[PDB]
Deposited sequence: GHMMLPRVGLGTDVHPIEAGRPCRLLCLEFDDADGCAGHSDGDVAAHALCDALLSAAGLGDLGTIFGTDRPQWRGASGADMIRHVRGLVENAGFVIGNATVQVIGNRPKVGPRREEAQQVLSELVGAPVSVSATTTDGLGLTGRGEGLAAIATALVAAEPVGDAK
């Protein structure tokens, strides 16, 4: 049987930080307190759970010198290698961004292309607001939830 995984991530928006999201950089928005890319983090966690390999802390720890400066793209590439070396093929992954700004839509196809090449399987990208409700609706943070489907050789 194929195996399913899921990951979520939430970070505060940091005013004046460059907006790194979905392995893109967005003009006219602020990023999150790596580069704070909530979508990349959720995707790593979905892939790692699908394959039984733990989560971000398990594999990256905190302030390890070998991960200094590394982006969401660097993390995804590394997670992809771990999943493949554990004997899995990646079927697909999806990620939904939850928050107000930036608007993901105008660059949604570009994100899908960037992320599908990082993962080596089709990655679906979507977005929603919460219509003013909760930490995301208040513009306090950005959230993402991701799924992945892998299968053992």
property: Missing residue ranges, deposited sequence indexing starting at 1; result: 1-4, 38-39, 160-165
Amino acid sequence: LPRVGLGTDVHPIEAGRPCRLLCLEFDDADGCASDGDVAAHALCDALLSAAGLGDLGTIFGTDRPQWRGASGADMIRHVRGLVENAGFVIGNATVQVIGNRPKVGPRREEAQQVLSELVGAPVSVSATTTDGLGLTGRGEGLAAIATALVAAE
From here on, numbers count along this sequence of modelled residues.
| property | result |
| --- | --- |
| Residue stretch of maximal mean CA temperature factor, 63-71 vs 38-46 | 63-71 |
| Of 136-144 and 21-29, the one with larger mean CA B-factor | 21-29 |
| Cα B factor band for residue 127 (lowest, middle or highest third within the chain) | lowest |
| Residue 94 - Cα temperature factor, lowest/middle/highest third of chain | lowest |
| Entry-reported Cα temperature factor of residue 100, expressed as the chain third it lands in | lowest |
| Chain-wide C-alpha B factor ranking for residue 113, given as lowest, middle or highest third | middle |
